[PDB]
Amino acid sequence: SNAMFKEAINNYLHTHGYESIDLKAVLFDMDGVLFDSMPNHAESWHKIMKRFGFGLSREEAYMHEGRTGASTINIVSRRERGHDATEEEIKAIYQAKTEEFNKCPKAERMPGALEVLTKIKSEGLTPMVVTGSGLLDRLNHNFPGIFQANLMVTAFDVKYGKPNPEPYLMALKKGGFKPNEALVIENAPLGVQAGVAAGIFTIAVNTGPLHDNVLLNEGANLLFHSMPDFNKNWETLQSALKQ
């Protein structure tokens, strides 16, 4: 999409007051981008919330993809009960959800993910993982030598999660990058919102059940239809980004 890429790039540069994107880093969301883990996460959240007397559908779990467990629990609690959940409730729910997910731990790699990461690493770029998930052994086994511990952001690295820009800002800080030196690769509306709020060129890759518009409406600079789509377009995109 050569000319489409330039339009997105130039719009981003104009609205932020940059001369160019000087690409050094690519910040990947984990769930639904690196691993096809969302079906399990959505079902686990739905089932565990039901066990605790709360109604969270699989689809609403997708809408809340990236959000801290506490914020998700509190959204549902406030609306059903008119108050936030207690610390005790939140800890119990998260524990049950963790255990439930682990009944089926091994999410597949997303097709196209290992291939695109290898191209990015080959080019001298720094891949990073940014996740609201609470795994480097699992990452190592699936993406060998791609990611580094000092270059990852997880639920325990940061106070506020998506859609707060904090996870992505922490990624730039950890990696020593400026916002115009990175790309965010996201698959969920709250993830897209966080990347856009962090002022980094944000690419949506729709790997789930939601409409493209859900991602576009959060200000994604570009959208691909799948991780293989993203992978196939990497060469053209990196070229478009080089001034």
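Just count from 1 along the sequence shown to find any residue number.
Asker: Might you work out how many residues are unmodelled in the deposited sequence between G134 and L135, and answer none, 1 to 3, 4 to 9, or 10 or more?
Answerer: Unresolved stretch here: 1 to 3 residues.
Asker: With respect to the recorded C-alpha B factors, which stretch has the higher mean value, 87-95 or 169-177?
Answerer: Mean C-alpha B-factor is greater for 87-95.
Asker: So 61-69 or 200-208, which one's hotter by mean CA B-factor in the entry?
Answerer: Averaging CA B-factors over each stretch, the winner is 61-69.
Asker: Between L117, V153, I75, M110, which carries the biggest CA temperature factor in the record?
Answerer: If I rank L117, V153, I75, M110 by C-alpha B-factor, first place goes to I75.
Asker: In this PDB entry, which of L13, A25, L223, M227 has the top CA B-factor?
Answerer: Highest CA B-factor of the listed options: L13.
Asker: Per the entry's values, where does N233 land by CA temperature factor relative to the rest of its chain, in the lowest, middle or highest third?
Answerer: Middle third of the chain for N233's C-alpha B-factor.
Asker: Determine, from the deposited record, the chain-internal third of the Cα B-factor for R79: lowest, middle or highest.
Answerer: For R79, the deposited C-alpha B-factor lands in the middle third.
Asker: Using the temperature factors of the C-alpha atoms in this entry, rank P105 within its chain: lowest, middle or highest third.
Answerer: Highest third.
Asker: In terms of the chain's CA B-factor thirds, is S1 lowest, middle or highest?
Answerer: Highest third, going by the recorded CA B-factors of the chain.
Asker: Using the B-factors in the PDB entry, rank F52's C-alpha atom against the chain and give the third, lowest, middle or highest.
Answerer: Tercile = middle for this residue's CA B-factor.
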